[PDB]
Amino acid sequence: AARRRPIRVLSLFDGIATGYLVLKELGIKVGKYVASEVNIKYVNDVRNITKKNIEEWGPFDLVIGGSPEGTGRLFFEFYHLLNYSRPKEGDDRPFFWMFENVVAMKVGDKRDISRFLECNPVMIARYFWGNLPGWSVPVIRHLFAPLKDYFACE
Amino acid sequence: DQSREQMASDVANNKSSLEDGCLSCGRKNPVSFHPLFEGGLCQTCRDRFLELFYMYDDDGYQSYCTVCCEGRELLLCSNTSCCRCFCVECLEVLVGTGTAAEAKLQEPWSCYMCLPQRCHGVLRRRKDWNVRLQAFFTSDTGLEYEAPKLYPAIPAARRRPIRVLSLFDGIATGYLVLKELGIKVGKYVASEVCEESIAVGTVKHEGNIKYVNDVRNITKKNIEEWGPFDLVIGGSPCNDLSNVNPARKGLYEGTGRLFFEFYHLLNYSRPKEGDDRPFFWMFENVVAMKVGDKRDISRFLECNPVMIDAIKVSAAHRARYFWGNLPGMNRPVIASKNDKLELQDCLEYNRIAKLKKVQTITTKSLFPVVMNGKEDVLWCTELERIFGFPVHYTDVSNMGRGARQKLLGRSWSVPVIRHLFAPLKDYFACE
Amino acid sequence: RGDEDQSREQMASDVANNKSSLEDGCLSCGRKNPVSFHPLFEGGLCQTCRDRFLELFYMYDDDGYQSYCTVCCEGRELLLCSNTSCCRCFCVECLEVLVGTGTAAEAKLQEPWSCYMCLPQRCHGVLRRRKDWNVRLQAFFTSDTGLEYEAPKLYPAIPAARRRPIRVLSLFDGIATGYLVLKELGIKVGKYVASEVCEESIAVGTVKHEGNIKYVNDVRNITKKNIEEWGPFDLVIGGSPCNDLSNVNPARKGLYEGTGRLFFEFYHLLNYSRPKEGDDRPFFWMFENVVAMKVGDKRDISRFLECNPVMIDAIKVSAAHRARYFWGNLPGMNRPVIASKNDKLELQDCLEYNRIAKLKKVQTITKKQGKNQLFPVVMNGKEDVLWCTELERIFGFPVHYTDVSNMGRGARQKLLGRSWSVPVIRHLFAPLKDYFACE
Amino acid sequence: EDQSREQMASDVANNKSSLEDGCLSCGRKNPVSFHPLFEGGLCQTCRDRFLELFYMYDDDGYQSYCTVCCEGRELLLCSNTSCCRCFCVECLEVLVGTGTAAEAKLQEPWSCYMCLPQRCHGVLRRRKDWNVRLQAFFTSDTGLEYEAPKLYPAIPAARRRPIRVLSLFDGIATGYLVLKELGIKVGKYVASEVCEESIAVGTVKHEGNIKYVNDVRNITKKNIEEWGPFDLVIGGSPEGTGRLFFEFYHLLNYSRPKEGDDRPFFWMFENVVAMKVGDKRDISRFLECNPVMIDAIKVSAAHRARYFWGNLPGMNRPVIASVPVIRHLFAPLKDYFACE
Ligand SMILES: Nc1ncnc2c1ncn2[C@@H]1O[C@H](CSCC[C@H](N)C(=O)O)[C@@H](O)[C@H]1O
Ligand SMILES: Nc1ncnc2c1ncn2[C@@H]1O[C@H](CSCC[C@H](N)C(=O)O)[C@@H](O)[C@H]1O
Ligand SMILES: [Zn+2]
Ligand SMILES: [Zn+2]
Ligand SMILES: [Zn+2]
Ligand SMILES: [Zn+2]
Ligand SMILES: [Zn+2]
Ligand SMILES: [Zn+2]
Ligand SMILES: [Zn+2]
Ligand SMILES: [Zn+2]
Ligand SMILES: [Zn+2]
């Protein structure tokens, strides 16, 4: 129940590639960095990810994405990727995720994405989602500080 | 950008063939073919030809050019039981110059398939257009997904009643089809939100449908309270993602986002790992929708859509994409001994049908019936016979022409659905 | 203020103190010289009041309530029977004068009210109720009016060996109720000429009956050669429009003018199409109109046709209020009406699934236009109105009868409102089976 | 498209349009018939009003409306005696030229265009033979083709029996005086009228077997079968118009001879011209006959324009100028009935 393996991650919109730097700043190393957009690794696009790709490259631990045209386009592709990368039913492996969205978005979208993710919205003049206890880098640093719960810790 | 003139001149000299000739485009290197005449089509023209073929204007004719699918005005064929219109400049460049005006000065005009013909110019028809056009839409290539795994057969004395779920229930076509096949329904949970539609399911089916609520309110916990399910039907609203309205919002905006309410709620009801009970599903939407989204519905469901046109079993023009994993969903369509193929079979007394096949029917309303020497139109009790519905089915809750026709304009076709659910009589209860 | 024209309180005190009776004075103005009886209570009426109890008795508002007092038929003031199963209303001028002063004072504030036809019978001074008011009401409208005419001739019975199909001429056909009823009985209709001018009734009668009935143009364009060619007819049926004959219309024209002239077309064609002198074939005919009409028009019609009407209410056989007059010479036309085992006698027997009726019988055959017009039925715990499929059941028509020519609620309801009633017509036509060929 | 009256007047002045291409009264195109006084078409919306609004005369003896438009905004009387023509302001000033109406309204005494002989003053000219056009416009101009009534045989001097009349809708004595001027034997006379008193032969010194009766609402078939048989039935206008016609029709139907009867039976019915077209066609259809006009201003002062629906012999024969018209109509009866 201690000294876990280095974490491996899958993400959408790696972008600035600051996730690896943030992870290394906390004093831990990432076991495998996986990304797909068109040791930050870029291979293909989100639109050409299949089930077998997740079978060969998974399983993962958490996902960093969000919505920094339409919100539905990226949101539902994110939902599909997360549903493909979900851990099998009736198991115990730790698993996290994350979704970002701007404040300016209609109430109907709030309703749909609260129904879909099955988690109630949480405000931060800022928005955050997910089941994780806890741009502008201080909020990501605050979220990644308790990362030791499911990381390498003796 | 080589204009079609010099290649049209060259191909007449038999220096090559039209396998490299894009009829609507001219530019060489085609990635596909053309299923009406001999020739090929490039990717850019193929994308437009996939979409723009299957609509029909209020005049009862093909909206755009058959070959080029472009132009503001062109000739209109005037032959009965035909509606295809040809382009003007598509003729004097390819088939021959001077025939655009000589045919215009004389009436009636006949398109090149109405009259038997030979290879005029370089426009030679495909000898098998009837089956070449059919394979263009169903035998496509998006990702060549794997075939579904057939469940092992279930013998007698181990057949349990089916627990049907239904989203966007409409006028309850699924229940009607399931009770005509002979299958024993043990439950049916519908999620219609229209007051006029609920009064049709309640009165006609004697309150055997558990009308629950809006689709968007059914949360996770409710499924196991009502479930477990065995058949998850669903058809999203088709008024947004279509090449008929100027708005034409995508699948991810507007009311087009009502598809995910089907996939997400299909995920919940499928059996967990270690469970080996039969489980089925199905989805349905319009074909006249952008090719940039046709490969999305197929990706999420991880299946390939079939095409079934109602003209093979009915007296109306309607064809749409069917997803799902029903057993034997790819078999050829065969009509029956109790179908209504032509208009004269679906008319009241003292009326004579001019045409033989109604064109596409929608919410909005040439006239097709003449009685007592006076031109007439179709009644509300005649649109029910076309689709296979029992007569007087919609005579409920004080509705007239403007309401008994809007509901039938967006429904399913009974004998089309009866073709998909037929192999469902082997895994569930019967009699 | 005179002796012959005494006030109401004078006769009330005279009968209260036993110096006089009630059957010698009029109950609406206090006059002497009674000419008739009062059908409900005890007393008499004067010729001015008997000739208004025959017009305004069967008139109801749009919300199902009588517009006039039940005693005097004069609405000086109106307070209603708040209890259900009653449309009655008693006027204030009749309460304190006969019952007692200040009675309307407590009758207005106490809630709810219950009319004098609802209470168990007593004698509230001089306002008392007869034991058999229904039987006297039935004879009020069909006795002691106008003159007396000779009884129509009765034809000898025809054996079943020699019987022929019935030939029918139907002026103002409507939606062909006569053909429907005659086929329901089981009489072979060998010919049926119908004269209608409405383009939708033609559609109904053409579609539903598979073109077995022959149509004719306007009734004002039919000559005598036409009747000679199409005949010999055997049953001349007809009902004239009542647009300008009913006393509901403020701008009435009555007979002799306007739309009321169309009775004379029936009269003329019936004279043309009847057997000549020295002919012994069975000829039957029938005419019908509304009860709420002036006595002058009714007496003129009786004088022209040479017979007295009978009143048949379509409430002992169905679930509606429908009072009409019937002139004719059909056999057994004045025998009491008894409902059959396959009669939908209540409103709940003519409803869809999951709908519950709050009443038992509906008012005059409809959608003051509040809290009783939008509330004849309940469904899913809410107020709802009747459906066209349910009106077709109330009137006794086959279901979905008017589902042709893609017409909506308004047109179907309009066609159904002015139609006939199938049970009444079947009762009238039942004895015809003894003269013509059956099945 | 709709042309005004002044524009139409200007067009006719230039002779760019004929006189039979538009309505004379409303000034619009699409004629349906011709105008009797002048030459000119008539639209159906304007034509129908002319047969019912042309002979409206007041008790003073003037035309009710303008002789041209018949729309009574204003009236200009004619100073000539026995003249019944009236003029408005627009029908002349707008149509035949500006200032014509003002000029014609100042010269007192004033002579209307009908009084003076035929002249074409502007764009309106009187017809050459309008005297027959006036009659052709009204009688037999519209309707069916009902077969003419048959002509009864004559009984020469062989037992001419006295007449016996049922006068219904007239004066009580009117119709009896005329029957006596010609010297015809009256074997019975059963008079009647709309609501009145019932009495014996005694009301005045008249003793002619006059069984005077009250309201017709008291006569039944038994009375007609007992008081008859009859040989002549009268009626006509002396509220509305339906009462008279329909009571007369009922009594005629009751008194009509049965099938196979050869004895003569004559009847009549008269009414003023000022009645709507619907009443005219209803009377013609019910009585199965067409009306003939007998213009009577020259033969009887203050009486004219009476239609007649009868089977009297030689009704439409030409006349050679209360008493006069009825006497002329009833004169042929001397051949069938008793004399002196
Ligand atoms: N928000 C919502 N929740 C539940 N149903 C809805 C809905 N919005 C639209 N619908 C229903 O979805 C239907 C789509 S039309 C498809 C009807 C159905 N396929 C048939 O057999 O006819 C409409 O009839 C509408 O009543
Ligand atoms: N001029 C005319 N000639 C013949 N029929 C006419 C007419 N004018 C009106 N009618 C018809 O006469 C009908 C009177 S309502 C009575 C119809 C009939 N009793 C029934 O069963 O309903 C109307 O429906 C109207 O269509
Ligand atoms: Zn191309
Ligand atoms: Zn083209
Ligand atoms: Zn063609
Ligand atoms: Zn009185
Ligand atoms: Zn009263
Ligand atoms: Zn009561
Ligand atoms: Zn005119
Ligand atoms: Zn004038
Ligand atoms: Zn003059």
# chains A, B, ... in the order shown; residues from 1 in each chain; ligands from 1
$ residues_near_ligand --ligand "ligand 3" --cutoff "9 Å" --atoms "only C-alpha atoms and all ligand atoms" --output "mmCIF file with N, CA and C atoms, in the first residue's frame"
data_model
loop_
_atom_site.group_PDB
_atom_site.id
_atom_site.type_symbol
_atom_site.label_atom_id
_atom_site.label_comp_id
_atom_site.auth_asym_id
_atom_site.auth_seq_id
_atom_site.Cartn_x
_atom_site.Cartn_y
_atom_site.Cartn_z
ATOM 1 N N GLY B 21 -12.061 10.081 -65.800
ATOM 2 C CA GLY B 21 -12.818 11.291 -66.047
ATOM 3 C C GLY B 21 -13.888 11.565 -65.011
ATOM 4 N N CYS B 22 -13.760 12.689 -64.309
ATOM 5 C CA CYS B 22 -14.748 13.110 -63.317
ATOM 6 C C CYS B 22 -15.849 13.863 -64.055
ATOM 7 N N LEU B 23 -17.014 13.222 -64.176
ATOM 8 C CA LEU B 23 -18.097 13.767 -64.988
ATOM 9 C C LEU B 23 -18.540 15.142 -64.504
ATOM 10 N N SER B 24 -18.736 15.289 -63.195
ATOM 11 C CA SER B 24 -19.174 16.565 -62.646
ATOM 12 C C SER B 24 -18.024 17.527 -62.399
ATOM 13 N N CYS B 25 -16.785 17.085 -62.567
ATOM 14 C CA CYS B 25 -15.621 17.879 -62.197
ATOM 15 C C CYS B 25 -14.609 18.034 -63.319
ATOM 16 N N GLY B 26 -14.394 16.994 -64.121
ATOM 17 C CA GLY B 26 -13.420 17.061 -65.192
ATOM 18 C C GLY B 26 -12.029 16.643 -64.759
ATOM 19 N N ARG B 27 -11.601 17.115 -63.591
ATOM 20 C CA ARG B 27 -10.254 16.840 -63.113
ATOM 21 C C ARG B 27 -10.054 15.339 -62.914
ATOM 22 N N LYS B 28 -8.860 14.868 -63.267
ATOM 23 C CA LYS B 28 -8.575 13.440 -63.319
ATOM 24 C C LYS B 28 -8.318 12.899 -61.912
ATOM 25 N N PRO B 30 -9.732 10.027 -60.119
ATOM 26 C CA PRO B 30 -10.924 9.846 -59.284
ATOM 27 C C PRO B 30 -10.719 8.753 -58.248
ATOM 28 N N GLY B 40 -15.985 8.201 -63.725
ATOM 29 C CA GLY B 40 -15.532 8.250 -62.355
ATOM 30 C C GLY B 40 -15.875 9.581 -61.710
ATOM 31 N N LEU B 41 -15.630 9.650 -60.401
ATOM 32 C CA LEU B 41 -15.891 10.851 -59.618
ATOM 33 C C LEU B 41 -14.761 11.057 -58.622
ATOM 34 N N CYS B 42 -14.337 12.306 -58.456
ATOM 35 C CA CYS B 42 -13.286 12.630 -57.501
ATOM 36 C C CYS B 42 -13.893 12.719 -56.101
ATOM 37 N N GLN B 43 -13.031 12.857 -55.091
ATOM 38 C CA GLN B 43 -13.489 12.878 -53.705
ATOM 39 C C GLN B 43 -14.378 14.087 -53.431
ATOM 40 N N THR B 44 -13.962 15.265 -53.902
ATOM 41 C CA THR B 44 -14.716 16.486 -53.643
ATOM 42 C C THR B 44 -16.113 16.441 -54.244
ATOM 43 N N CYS B 45 -16.249 15.956 -55.476
ATOM 44 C CA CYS B 45 -17.564 15.779 -56.073
ATOM 45 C C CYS B 45 -18.339 14.638 -55.433
ATOM 46 N N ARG B 46 -17.644 13.581 -55.003
ATOM 47 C CA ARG B 46 -18.317 12.454 -54.367
ATOM 48 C C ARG B 46 -18.983 12.865 -53.062
ATOM 49 N N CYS B 68 -24.001 17.022 -62.387
ATOM 50 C CA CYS B 68 -23.110 18.005 -61.784
ATOM 51 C C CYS B 68 -23.570 18.494 -60.417
#
$ residues_around --residues "residue D:251" --least-positions-apart "3" --cutoff "9 Å" --atoms "only C-alpha atoms" --output "ChimeraX atom specification"
/D:168,219,221,224,233,246-248,254-256
$ write_last_selection --atoms "N, CA and C atoms" --output "mmCIF file, in the first residue's frame"
data_model
loop_
_atom_site.group_PDB
_atom_site.id
_atom_site.type_symbol
_atom_site.label_atom_id
_atom_site.label_comp_id
_atom_site.auth_asym_id
_atom_site.auth_seq_id
_atom_site.Cartn_x
_atom_site.Cartn_y
_atom_site.Cartn_z
ATOM 1 N N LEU D 168 -110.528 36.978 -53.236
ATOM 2 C CA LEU D 168 -109.785 36.741 -52.009
ATOM 3 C C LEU D 168 -109.040 37.980 -51.539
ATOM 4 N N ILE D 219 -111.252 29.120 -42.976
ATOM 5 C CA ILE D 219 -111.797 28.311 -44.059
ATOM 6 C C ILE D 219 -111.048 26.991 -44.130
ATOM 7 N N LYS D 221 -111.176 22.712 -45.856
ATOM 8 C CA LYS D 221 -111.528 22.010 -47.085
ATOM 9 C C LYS D 221 -113.014 21.681 -47.136
ATOM 10 N N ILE D 224 -114.903 24.687 -48.664
ATOM 11 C CA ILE D 224 -114.733 24.797 -50.109
ATOM 12 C C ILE D 224 -115.498 23.698 -50.828
ATOM 13 N N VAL D 233 -111.375 32.497 -59.615
ATOM 14 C CA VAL D 233 -110.693 32.804 -58.362
ATOM 15 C C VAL D 233 -109.809 34.022 -58.594
ATOM 16 N N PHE D 246 -99.256 33.087 -50.691
ATOM 17 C CA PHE D 246 -99.333 31.711 -50.217
ATOM 18 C C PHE D 246 -100.735 31.334 -49.753
ATOM 19 N N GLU D 247 -101.483 32.265 -49.152
ATOM 20 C CA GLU D 247 -102.884 31.973 -48.866
ATOM 21 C C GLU D 247 -103.686 31.789 -50.152
ATOM 22 N N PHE D 248 -103.445 32.636 -51.162
ATOM 23 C CA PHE D 248 -104.150 32.466 -52.427
ATOM 24 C C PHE D 248 -103.802 31.130 -53.069
ATOM 25 N N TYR D 254 -106.958 24.104 -53.137
ATOM 26 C CA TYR D 254 -108.155 23.451 -52.611
ATOM 27 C C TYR D 254 -109.298 23.484 -53.621
ATOM 28 N N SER D 255 -109.484 24.618 -54.302
ATOM 29 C CA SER D 255 -110.641 24.793 -55.174
ATOM 30 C C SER D 255 -110.408 24.311 -56.601
ATOM 31 N N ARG D 256 -109.188 23.899 -56.937
ATOM 32 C CA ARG D 256 -108.870 23.513 -58.304
ATOM 33 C C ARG D 256 -109.675 22.280 -58.712
#
$ select_by_dssp --residues "stretch 301-398 of chain B" --states "helix (DSSP H, G or I)" --output "ChimeraX atom specification"
/B:301,310-312,343-346,383-386
$ write_last_selection --atoms "N, CA, C and O atoms" --output "compact mmCIF listing (two decimals), in the first residue's frame"
# COMPACT_ATOMS: atom_id res chain seq x y z
N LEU B 301 -21.24 4.56 -32.50
CA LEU B 301 -21.90 3.27 -32.42
C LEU B 301 -21.02 2.13 -32.90
O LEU B 301 -21.36 0.97 -32.66
N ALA B 310 -38.08 2.87 -48.88
CA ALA B 310 -39.46 2.42 -48.75
C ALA B 310 -40.12 2.13 -50.09
O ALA B 310 -41.20 1.53 -50.11
N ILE B 311 -39.50 2.52 -51.21
CA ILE B 311 -40.10 2.30 -52.51
C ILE B 311 -40.17 0.82 -52.87
O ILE B 311 -40.97 0.44 -53.74
N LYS B 312 -39.37 -0.03 -52.24
CA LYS B 312 -39.40 -1.45 -52.54
C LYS B 312 -40.57 -2.17 -51.87
O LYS B 312 -40.92 -3.27 -52.31
N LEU B 343 -50.49 3.81 -55.78
CA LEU B 343 -51.47 4.72 -55.22
C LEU B 343 -52.90 4.21 -55.30
O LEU B 343 -53.69 4.48 -54.39
N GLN B 344 -53.27 3.52 -56.38
CA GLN B 344 -54.65 3.09 -56.53
C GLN B 344 -55.10 2.17 -55.40
O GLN B 344 -56.31 2.07 -55.14
N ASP B 345 -54.16 1.52 -54.71
CA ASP B 345 -54.50 0.65 -53.60
C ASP B 345 -54.80 1.41 -52.31
O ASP B 345 -55.35 0.82 -51.38
N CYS B 346 -54.47 2.70 -52.24
CA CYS B 346 -54.60 3.48 -51.02
C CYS B 346 -55.53 4.68 -51.21
O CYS B 346 -55.26 5.78 -50.71
N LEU B 383 -53.17 8.99 -45.98
CA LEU B 383 -51.76 8.92 -45.59
C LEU B 383 -51.48 7.81 -44.60
O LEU B 383 -50.33 7.38 -44.48
N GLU B 384 -52.50 7.33 -43.88
CA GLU B 384 -52.31 6.22 -42.97
C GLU B 384 -52.18 4.89 -43.71
O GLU B 384 -51.42 4.02 -43.27
N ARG B 385 -52.90 4.72 -44.81
CA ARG B 385 -52.81 3.48 -45.58
C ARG B 385 -51.47 3.36 -46.28
O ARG B 385 -50.98 2.24 -46.48
N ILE B 386 -50.87 4.48 -46.68
CA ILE B 386 -49.59 4.45 -47.38
C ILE B 386 -48.51 3.86 -46.49
O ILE B 386 -47.71 3.02 -46.92
$ atom_distance --atom1 "atom 1 (Zn, counted along the ligand's line) of ligand 5" --atom2 "atom CA of residue B:37"
15.1 Å
$ residues_around --residues "residue B:211" --least-positions-apart "6" --cutoff "12 Å" --atoms "only C-alpha atoms" --output "number ranges by chain"
B: 165-172, 187-195, 197-202, 205
$ residues_near_ligand --ligand "ligand 6" --cutoff "8 Å" --atoms "only C-alpha atoms and all ligand atoms" --output "ChimeraX atom specification"
/C:26-31,45-50,72
$ closest_residue --among "C:228, C:204, C:236, C:308" --to "chain B" --atoms "only C-alpha atoms"
C:204
$ interface_residues --of "chain D" --to "chain C" --cutoff "8 Å" --atoms "only C-alpha atoms" --output "PDB file with N, CA, C and O atoms, in the first residue's frame"
ATOM      1  N   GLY D 242     -95.452  37.634 -48.906  1.00  0.00           N
ATOM      2  CA  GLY D 242     -95.613  36.188 -48.880  1.00  0.00           C
ATOM      3  C   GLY D 242     -97.001  35.748 -48.453  1.00  0.00           C
ATOM      4  O   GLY D 242     -97.540  34.768 -48.980  1.00  0.00           O
ATOM      5  N   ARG D 243     -97.594  36.459 -47.490  1.00  0.00           N
ATOM      6  CA  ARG D 243     -98.894  36.074 -46.949  1.00  0.00           C
ATOM      7  C   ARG D 243     -99.941  35.963 -48.050  1.00  0.00           C
ATOM      8  O   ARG D 243    -100.611  34.933 -48.193  1.00  0.00           O
ATOM      9  N   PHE D 246     -99.256  33.087 -50.691  1.00  0.00           N
ATOM     10  CA  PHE D 246     -99.333  31.711 -50.217  1.00  0.00           C
ATOM     11  C   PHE D 246    -100.735  31.334 -49.753  1.00  0.00           C
ATOM     12  O   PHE D 246    -101.165  30.195 -49.978  1.00  0.00           O
ATOM     13  N   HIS D 250    -102.817  28.337 -51.570  1.00  0.00           N
ATOM     14  CA  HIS D 250    -103.480  27.263 -50.835  1.00  0.00           C
ATOM     15  C   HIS D 250    -104.953  27.154 -51.219  1.00  0.00           C
ATOM     16  O   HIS D 250    -105.461  26.050 -51.462  1.00  0.00           O
ATOM     17  N   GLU D 259    -108.922  15.793 -61.402  1.00  0.00           N
ATOM     18  CA  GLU D 259    -108.422  15.244 -62.657  1.00  0.00           C
ATOM     19  C   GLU D 259    -109.580  14.793 -63.536  1.00  0.00           C
ATOM     20  O   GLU D 259    -110.572  14.244 -63.044  1.00  0.00           O
TER      21      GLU D 259
END
$ closest_residue --among "B:81, B:350, B:362, B:285" --to "chain C" --atoms "only C-alpha atoms"
B:350
$ select_by_dssp --residues "stretch 62-108 of chain C" --states "strand (DSSP E)" --output "list in words"
residues 79, 80, 89 and 90 of chain C
$ write_last_selection --atoms "C-alpha atoms" --output "short mmCIF file (atom, residue, chain, number, x, y, z; two decimals), in the first residue's frame"
data_model
loop_
_atom_site.label_atom_id
_atom_site.label_comp_id
_atom_site.auth_asym_id
_atom_site.auth_seq_id
_atom_site.Cartn_x
_atom_site.Cartn_y
_atom_site.Cartn_z
CA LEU C 79 -81.22 32.60 -9.18
CA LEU C 80 -80.18 29.10 -10.20
CA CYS C 89 -83.95 28.70 -12.02
CA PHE C 90 -86.64 30.46 -9.99
#
$ residues_near_ligand --ligand "ligand 9" --cutoff "8 Å" --atoms "only C-alpha atoms and all ligand atoms" --output "CSV table (one decimal) with N, CA and C atoms, in the first residue's frame"
chain,number,residue,atom,x,y,z
D,22,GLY,N,-69.8,48.7,-71.9
D,22,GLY,CA,-69.7,49.0,-70.5
D,22,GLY,C,-71.1,49.3,-69.9
D,23,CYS,N,-71.2,49.2,-68.6
D,23,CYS,CA,-72.4,49.6,-67.9
D,23,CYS,C,-72.7,51.1,-68.0
D,24,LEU,N,-73.9,51.4,-68.3
D,24,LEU,CA,-74.3,52.8,-68.4
D,24,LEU,C,-74.5,53.5,-67.0
D,25,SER,N,-75.0,52.7,-66.0
D,25,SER,CA,-75.3,53.3,-64.7
D,25,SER,C,-74.0,53.4,-63.8
D,26,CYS,N,-73.3,52.3,-63.7
D,26,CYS,CA,-72.1,52.3,-62.8
D,26,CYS,C,-70.8,52.8,-63.6
D,27,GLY,N,-70.9,52.8,-64.9
D,27,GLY,CA,-69.7,53.3,-65.7
D,27,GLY,C,-68.6,52.3,-65.8
D,28,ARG,N,-68.8,51.0,-65.5
D,28,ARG,CA,-67.8,50.0,-65.6
D,28,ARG,C,-68.1,49.1,-66.7
D,29,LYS,N,-67.1,48.3,-67.1
D,29,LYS,CA,-67.2,47.4,-68.3
D,29,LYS,C,-68.0,46.1,-67.9
D,31,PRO,N,-70.6,44.3,-69.8
D,31,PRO,CA,-72.1,44.4,-69.9
D,31,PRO,C,-72.7,43.0,-69.9
D,42,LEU,N,-75.2,46.9,-69.5
D,42,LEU,CA,-75.5,46.9,-68.1
D,42,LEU,C,-74.8,45.7,-67.4
D,43,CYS,N,-74.0,45.9,-66.4
D,43,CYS,CA,-73.4,44.8,-65.6
D,43,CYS,C,-74.5,44.2,-64.8
D,44,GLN,N,-74.3,42.9,-64.4
D,44,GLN,CA,-75.3,42.2,-63.7
D,44,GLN,C,-75.6,42.8,-62.3
D,45,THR,N,-74.5,43.3,-61.7
D,45,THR,CA,-74.7,44.0,-60.4
D,45,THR,C,-75.6,45.2,-60.5
D,46,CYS,N,-75.5,45.9,-61.7
D,46,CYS,CA,-76.4,47.1,-61.9
D,46,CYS,C,-77.7,46.7,-62.7
D,47,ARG,N,-77.7,45.6,-63.4
D,47,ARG,CA,-78.9,45.3,-64.2
D,47,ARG,C,-80.0,44.9,-63.3
$ residues_near_ligand --ligand "ligand 4" --cutoff "6 Å" --atoms "only C-alpha atoms and all ligand atoms" --output "compact mmCIF listing (two decimals) with C-alpha atoms, in the first residue's frame"
# COMPACT_ATOMS: atom_id res chain seq x y z
CA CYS B 65 -28.66 18.52 -61.59
CA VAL B 67 -24.70 14.76 -63.01
CA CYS B 68 -23.11 18.00 -61.78
CA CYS B 69 -25.42 18.84 -58.83
CA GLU B 70 -24.94 22.53 -59.62
CA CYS B 87 -28.47 20.30 -66.58
CA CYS B 90 -23.82 19.50 -68.91
$ residues_around --residues "residue B:63" --least-positions-apart "4" --cutoff "9 Å" --atoms "only C-alpha atoms" --output "JSON, numbers by chain"
{"B": [52, 53, 55, 56, 57, 58, 59, 69, 84, 85]}
$ residues_around --residues "stretch 111-117 of chain A" --least-positions-apart "2" --cutoff "8 Å" --atoms "only C-alpha atoms" --output "number ranges by chain"
A: 107-109, 119-121, 130; B: 216, 219, 264
$ write_last_selection --atoms "N, CA, C and O atoms" --output "short mmCIF file (atom, residue, chain, number, x, y, z; two decimals), in the first residue's frame"
data_model
loop_
_atom_site.label_atom_id
_atom_site.label_comp_id
_atom_site.auth_asym_id
_atom_site.auth_seq_id
_atom_site.Cartn_x
_atom_site.Cartn_y
_atom_site.Cartn_z
N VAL A 107 -27.03 28.01 -19.64
CA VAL A 107 -27.53 27.13 -18.59
C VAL A 107 -27.88 25.76 -19.15
O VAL A 107 -27.71 24.74 -18.47
N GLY A 108 -28.39 25.70 -20.39
CA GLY A 108 -28.71 24.41 -20.98
C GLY A 108 -27.50 23.50 -21.08
O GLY A 108 -27.60 22.30 -20.76
N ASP A 109 -26.36 24.04 -21.49
CA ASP A 109 -25.13 23.25 -21.53
C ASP A 109 -24.74 22.78 -20.14
O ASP A 109 -24.26 21.65 -19.97
N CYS A 119 -21.89 14.23 -12.26
CA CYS A 119 -21.31 14.93 -11.12
C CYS A 119 -21.83 16.35 -11.10
O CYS A 119 -21.90 17.01 -12.14
N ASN A 120 -22.22 16.82 -9.91
CA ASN A 120 -22.76 18.16 -9.78
C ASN A 120 -21.68 19.20 -10.06
O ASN A 120 -20.51 19.00 -9.72
N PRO A 121 -22.05 20.32 -10.69
CA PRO A 121 -21.05 21.35 -11.00
C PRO A 121 -20.49 21.99 -9.74
O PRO A 121 -21.17 22.12 -8.72
N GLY A 130 -15.57 17.01 -11.94
CA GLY A 130 -14.96 15.74 -11.61
C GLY A 130 -15.20 15.34 -10.16
O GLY A 130 -15.85 16.05 -9.39
N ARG B 216 -34.40 13.79 -21.19
CA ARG B 216 -33.28 14.40 -20.49
C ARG B 216 -33.38 14.31 -18.97
O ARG B 216 -32.44 14.70 -18.28
N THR B 219 -32.31 9.73 -15.01
CA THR B 219 -30.98 9.67 -14.42
C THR B 219 -30.50 8.22 -14.35
O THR B 219 -31.18 7.29 -14.78
N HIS B 264 -25.62 7.46 -24.52
CA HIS B 264 -25.29 7.48 -23.10
C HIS B 264 -26.21 6.57 -22.30
O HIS B 264 -25.76 5.82 -21.42
#
